[PDB]
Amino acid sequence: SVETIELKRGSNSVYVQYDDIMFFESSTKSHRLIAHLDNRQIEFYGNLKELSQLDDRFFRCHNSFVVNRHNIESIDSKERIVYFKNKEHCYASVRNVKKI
């Protein structure tokens, strides 16, 4: 039926719907990502490559970011800033921005 992702943190896992997530970014903690949800961030163990491979909507817009295409509100290609439905934003690399 539904499409969800398991975010693992040690003995925890938190379960979240694909489109509950705006984007992922790499954490300052090695081997952890930050899922940016509608109204809170979640830190968890994962890799951006694997996440981008999950679904066509998850696109590697930047070495440090995988964005959920479904939650992109707008794109400024000059500045290469991607804005999301929840008012957050991230940055896109020069090479990848046009292909979002």
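Don't overthink the numbering: it's just position in the shown sequence, from 1. Each form is matched to the other, and the largest set of C-alpha atoms that superpose within 1.5 Å is called the rigid core.
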More shifted region, core-based fit in 4 other deposited structures of this protein, 82-90 vs 20-28 by CA: 20-28
Looking at C-alpha RMS in 4 other deposited structures of this protein with the core superposed, is it 30-38 or 67-75 that drifts more? 30-38
Considering every modelled residue of the chain and its Cα B-factor in the PDB entry, is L7 in the lowest, middle or highest third? lowest
Name the third of the chain's ranked CA B-factors that contains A92, choosing lowest, middle or highest. highest
Split the chain's modelled residues into thirds by Cα B-factor; is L33 in the lowest, middle or highest one? middle
Once the chain's modelled residues are ordered by C-alpha B factor and cut into thirds, is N71 in the lowest, middle or highest one? lowest
